[PDB]
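Atom set for the values below is all heavy atoms of this structure, side chains included, hydrogens, waters and symmetry mates excluded. Letters A, B, ... mirror the listed sequences (proteins, then strands); counts begin at 1.
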Amino acid sequence: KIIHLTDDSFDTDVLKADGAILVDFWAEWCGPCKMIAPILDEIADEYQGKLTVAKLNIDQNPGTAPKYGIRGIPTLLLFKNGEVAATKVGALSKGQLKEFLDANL
Amino acid sequence: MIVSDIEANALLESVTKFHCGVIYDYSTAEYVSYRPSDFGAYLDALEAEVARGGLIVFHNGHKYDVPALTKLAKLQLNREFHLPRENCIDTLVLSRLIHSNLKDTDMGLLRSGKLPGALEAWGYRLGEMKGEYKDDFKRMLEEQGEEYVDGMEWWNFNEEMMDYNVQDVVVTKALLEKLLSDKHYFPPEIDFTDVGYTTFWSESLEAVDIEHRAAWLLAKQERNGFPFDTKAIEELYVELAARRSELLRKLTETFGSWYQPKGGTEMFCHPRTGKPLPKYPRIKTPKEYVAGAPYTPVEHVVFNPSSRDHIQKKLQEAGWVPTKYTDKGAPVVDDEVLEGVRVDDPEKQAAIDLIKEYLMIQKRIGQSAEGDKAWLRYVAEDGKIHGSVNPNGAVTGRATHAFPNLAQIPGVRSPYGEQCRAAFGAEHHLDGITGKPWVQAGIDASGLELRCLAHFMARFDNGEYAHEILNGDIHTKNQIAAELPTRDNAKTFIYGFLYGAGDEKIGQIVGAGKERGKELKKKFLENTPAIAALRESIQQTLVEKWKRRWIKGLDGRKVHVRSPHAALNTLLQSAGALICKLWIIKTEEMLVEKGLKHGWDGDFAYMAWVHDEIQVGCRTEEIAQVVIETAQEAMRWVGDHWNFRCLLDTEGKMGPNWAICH
DNA sequence: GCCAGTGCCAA
DNA sequence: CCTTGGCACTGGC
Ligand SMILES: Nc1nc2c(ncn2[C@H]2CC[C@@H](COP(=O)(O)OP(=O)(O)OP(=O)(O)O)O2)c(=O)[nH]1
Ligand SMILES: [Mg+2]
Ligand SMILES: [Mg+2]
Ligand SMILES: [Mg+2]
């Protein structure tokens, strides 16, 4: 139930979505990214209705990340109507993401 | 004989004050110090030695002390001081001849650690005295609380500077006696510290005379400088930079940016298991972050065509499969491989040519304007580049050139070579009286090393090659025979071959394979089979292990052989180097005895010496015609001097600049 | 700034 | 086994 983004689809799918979108900027070569991946797969089911989980691989899609000043991965950016509502870097746990989402939702 | 040294406020280019000097006299066996107000007395002492037909010893005096004293005597005392060349000795020149196999810091200009091999002790200390003095000066001031500025240790005289001056002469005296104790250069029967100048040159090995004369002439050449066109090169820089900006724009358009791990300190460990994963990027577990939540710190990196890693990355991501690699763990990414790289995407395939162009663009930009030794950074107020020359920098007896290297200017037939070469010219110097541009005379020795080969193999073929070699131009005759595109390619081919290049190497030179390599090698070696006999005799003479490590040079010196396979190159490159060295000395001497004066306030001026070629500035075209004729006479003289078995010749060219005179 | 690796520029 | 040399540029400590 994840929306796999591209550079070209990002503007519409994220910045014009009108709702809550959690974008995960990741890379296949990152250790922490592989850790938080399965956690995201579950948050998408639980938060299906009040939030949408999206993923953008910085290798296949190199144009989006620089615009948000990415200095570390995985970068979890919570978008709310084309605006960055909250940013969190690192492989959080199921509980830490749950908190973060509920608090910012 | 006296040993001396001076301390002044700056390098020769801008020196305006004599601080102190020291003189050690062998006849009294005492040291005498001279402070700033004793300048006149110091100068008198040096002339007194000259008046006795004696000798004055300095360590780097030819390039610094001697000219410095002439400049300072006129500025401070309004006196004409001119020590004759024949009364001067330079321990640095002597050390570079005797210890030709070793490197040196070029009087502290070069990083001591970047130099290979060992360094002679006394000379090492002499080359470090200035930096060592700066260290003593800096700490003495920080003890008193005072602050150190730029290079204030040389602004004024002090007793600490005086002490280092006395130490210089004691060390120079020690180095001198260590050099004179070499029985190969100085006969044991003679006490060279107790003879007049005339006896010093006549009794010592011929090489000792040639080296001092070469160093004295080349010091003058440095002071002359090479008239440079700053405006033309600044305009060339704008053109190159504009092309670089465009190449970079298109290249970054085709090859996008990416992220890479950077800054990670912590080891990433398997969550499930626990074993450290050394292949994964280093992480960072914080104290926008959450304590305990790991993350890979990353950097954004833009494509850089000047990197060989980025090109390799991008081209392999496009399908390129590297054939040749480097002994470390990196594919070879040079112009050879780039020219042969084949991908699928037409845009990326086209980008490879932009990369090849960019690399050359950068090569020209770095040498002309941006590099640390760039021409634009080296032009003095007189509108000239005073490149340095180590008269005996190469083991073979060749000279080395640096700051900047005027012996590596791009050739007129290479991209932007005509513009680069045209910027160096006598035309760029306007006469001090008439304001009219000078004329240039470039002379180059014809087929130098091949004629040296003809000489040495004459005992084997009875001068057959020496006769055949002058049947038209050798390089044009070889070019056609070998079916080569250019005469320059024939030169690189013939020397590559002569000096033991493998089949594949000979193939690379000519633009073919190992097959063509073997053909060309045996084709030329069968024509002149005396090459094999010459190589073998060299081996029987040098190798048994080592029977003898050095080769006896044309002037008697020891020429250190580094490797058995480069022994023919040592023999031939040394012969050409010594021939050319005696050639430039004789040329100037003949011009001088013809009434011509050396200097910008005279008739001619040496601007550059690039192995077997000289570029001389001439006040008039008439003078340039004579310099060219005199150089031909001096070469024929050199050949007869050493009884060469092959006639030596030169080719002269008159013109406004280097693009036209070479 | 030092340094290792790579490459090009000239003779 | 091309040789002799200077020097630019990336990327690691
Ligand atoms: N090992 C080696 N030596 C070379 C090479 N090119 C030049 N040399 C040496 C031998 C000749 C000497 C001077 O170079 P030149 O280009 O003047 O050669 P040359 O043979 O005298 O030719 P010319 O008649 O054109 O002046 O430097 C080369 O590629 N390899
Ligand atoms: Mg000195
Ligand atoms: Mg020549
Ligand atoms: Mg030449």
With a non-hydrogen cut-off below 4.0 angstrom, is [X] in contact with a base, only sugar-phosphate, or nothing?
X: B/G371; answer: sugar-phosphate
X: B/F497; answer: nothing
X: B/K363; answer: base
X: B/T492; answer: base
X: B/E370; answer: nothing

Please tell me which of the listed nucleotides, [options], lies nearest to the side chain of [X]?
X: B/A566; options: D/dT3, C/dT6, C/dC9; result: D/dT3
X: B/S563; options: C/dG7, D/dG5, D/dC1; result: D/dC1
X: B/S306; options: C/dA10, D/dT10, D/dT4; result: D/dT10
X: B/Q408; options: D/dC2, D/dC7, C/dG7; result: D/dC7
X: B/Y499; options: D/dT4, C/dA10, D/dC2; result: D/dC2
X: B/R364; options: C/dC9, D/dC2, C/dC8; result: C/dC9

On the nucleotide [N], are OP1 or OP2 found under 4.0 Å from the side-chain N or O atoms that [X] carries?
X: B/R308; N: D/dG11; answer: no
X: B/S307; N: D/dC9; answer: no
X: B/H310; N: D/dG11; answer: yes
X: B/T326; N: C/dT6; answer: yes
X: B/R111; N: D/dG6; answer: no
X: B/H565; N: D/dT3; answer: yes
X: B/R398; N: D/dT3; answer: no
X: B/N405; N: C/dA10; answer: no

*Run the salt bridge (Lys or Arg N to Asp or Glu O under 4.0 Å) check on B/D106 and B/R96 step by step: do they pass?*
CA-CA 10 Å; B/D106 197 10; B/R96 289 173 171 175; 3.1 Å; yes
*For nucleotides C/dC8 and D/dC1, find the distance between their P atoms and express it as a whole number of Å.*
22 Å
How many Å lie between [atom1] on [X] and [atom2] on [N], as a whole number?
X: B/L359; N: D/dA8; atom1: CG; atom2: P; result: 16 Å
X: B/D106; N: D/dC7; atom1: CG; atom2: P; result: 10 Å
X: B/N569; N: D/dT4; atom1: CG; atom2: P; result: 6 Å
X: B/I365; N: D/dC9; atom1: CD1; atom2: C1'; result: 13 Å
X: B/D334; N: D/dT10; atom1: CG; atom2: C1'; result: 16 Å
X: B/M360; N: C/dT6; atom1: CE; atom2: P; result: 24 Å
X: B/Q362; N: D/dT10; atom1: CD; atom2: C1'; result: 12 Å
X: B/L109; N: D/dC7; atom1: CG; atom2: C1'; result: 15 Å

_Donor-acceptor contact present, side-chain B/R398 to main-chain B/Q573, <3.5 Å_ = no
*Sub-3.5 Å donor-acceptor pair from the side chain of B/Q479 to the main-chain atoms of B/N489, do we have one?*
no
*Closest-nucleotide 5' rank along DNA chain D - winner of B/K103 and B/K373*: B/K103
*Want to settle it: does B/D309 or B/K114 sit nearer the 5' end of DNA chain D, counting the closest nucleotide to each?*
B/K114
*Using the six-membered ring wherever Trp is involved, compare the ring planes of B/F137 and B/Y148 and label them parallel, tilted or perpendicular (cut-offs 30° and 60°).*
perpendicular
*In the structure shown, which nucleotide is the Watson-Crick or G-U wobble counterpart of D/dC9, with both distances under 3.5 Å?*
C/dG5
Sequence neighbours left out, cut at 3.5 Å: what donor-acceptor pairs do the side chains of residues 259-267 of chain B make with other protein atoms?
from   : atom 1 : to     : atom 2 : distance (Å)
B/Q260 : OE1    : B/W258 : NE1    : 3.0
B/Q260 : NE2    : B/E299 : OE2    : 3.4
B/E266 : OE1    : B/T285 : N      : 3.2
B/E266 : OE1    : B/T285 : OG1    : 3.4
B/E266 : OE2    : B/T285 : OG1    : 3.1

*May I ask you to check whether B/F524 and B/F493 place their ring centers less than 6.0 Å from one another?*
yes
_When you compare the side chain of B/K314 with that of B/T254, does any pair of heavy atoms fall below 4.5 Å?_
no
